[PDB]
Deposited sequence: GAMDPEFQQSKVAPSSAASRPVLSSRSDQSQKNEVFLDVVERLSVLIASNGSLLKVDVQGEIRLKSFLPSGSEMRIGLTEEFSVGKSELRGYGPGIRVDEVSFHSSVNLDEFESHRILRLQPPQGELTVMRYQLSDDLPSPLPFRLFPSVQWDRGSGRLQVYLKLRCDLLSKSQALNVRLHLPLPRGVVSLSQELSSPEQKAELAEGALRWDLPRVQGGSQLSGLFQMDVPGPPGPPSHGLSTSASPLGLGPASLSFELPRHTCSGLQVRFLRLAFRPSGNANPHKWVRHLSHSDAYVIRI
């Protein structure tokens, strides 16, 4: 039978207008789906490295770590301290095996950096917004369904846009720019120039930008499942990060 094990991490970030990281949050889970014969016992091995918490004695350094961890009540932790192995007899269907959280710097660079340039004629109503997005993932790695949402001043309309590659889409809707970038890889640099008209009052507020995306074959924390072993079967072990709150001030 089939067994699915997914490490899934929700990333939230707040980045300042100068590019400084103000806040980073990772909420992670390890989710299982399986329908194994009676008797079955499963062992999951995680990154052998990894530390948990902020030890007052040892401190915390570079390396793979989470700030806190919690486990399903059915999980046996006899081999967790020595070997980072979890043991359980799963139910039929879905189970969340482990949850964890991280609020410190990530072990790799943040996946996206934005370089906005805004010129505002107070004036003639002319607003020019140039956005450059750089993907800082490894060059082999992909970001899927990337969308940038940018709230705009009340009553703004679009005069023109120039997008840096033809697969990109952008429109204004509900008072915000929505810019979709379906092709994004580590090292990509994608840009859009938007000419808008801002009406005078009857009769800012630009930003912040919020990115949403999925990062297949990736964890923000660096945590990984090393093995999945069954004792009595096709296995899928997947690692994914995603955000709907990757916020960047303009």
Exercise. When the deposited sequence is counted from residue 1, which ranges lack any model?
Worked result: 1-32, 236-247, 277-283
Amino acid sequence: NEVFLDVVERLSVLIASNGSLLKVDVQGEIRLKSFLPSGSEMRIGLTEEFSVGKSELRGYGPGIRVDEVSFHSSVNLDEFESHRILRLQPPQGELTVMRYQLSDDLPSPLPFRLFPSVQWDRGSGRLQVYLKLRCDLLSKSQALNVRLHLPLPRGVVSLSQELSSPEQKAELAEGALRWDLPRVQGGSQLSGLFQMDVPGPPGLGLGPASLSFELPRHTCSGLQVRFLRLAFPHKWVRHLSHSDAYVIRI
From here on, numbers count along this sequence of modelled residues.
For this session: Identify the stretch, either 137-145 or 80-88, whose C-alpha atoms have the larger mean B-factor according to the entry.
Result: 137-145
Exercise. Per the entry, where is the mean C-alpha temperature factor higher: 217-225 or 190-198?
Worked result: 190-198
Seminar exercise, completed: Highest CA B factor of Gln101, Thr96, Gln119, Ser73, as deposited, is found at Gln119
Seminar exercise, completed: Reading the B-factor column for Cα atoms of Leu32, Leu36, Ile44, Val69, the highest value belongs to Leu36
Problem set entry | Relative C-alpha B-factor of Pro62, binned into the chain's lowest, middle or highest third | highest
Problem set entry | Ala231 by Cα B-factor - lowest, middle or highest third of the modelled chain | highest
For this session: Tell me, lowest, middle or highest third: where does the Cα B factor of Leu211 rank within its chain?
Result: lowest
Seminar exercise, completed: Chain-relative C-alpha B factor for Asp244 (record values, thirds): the middle
Seminar exercise, completed: Of the three thirds of the chain ranked by Cα temperature factor, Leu5 occupies the lowest
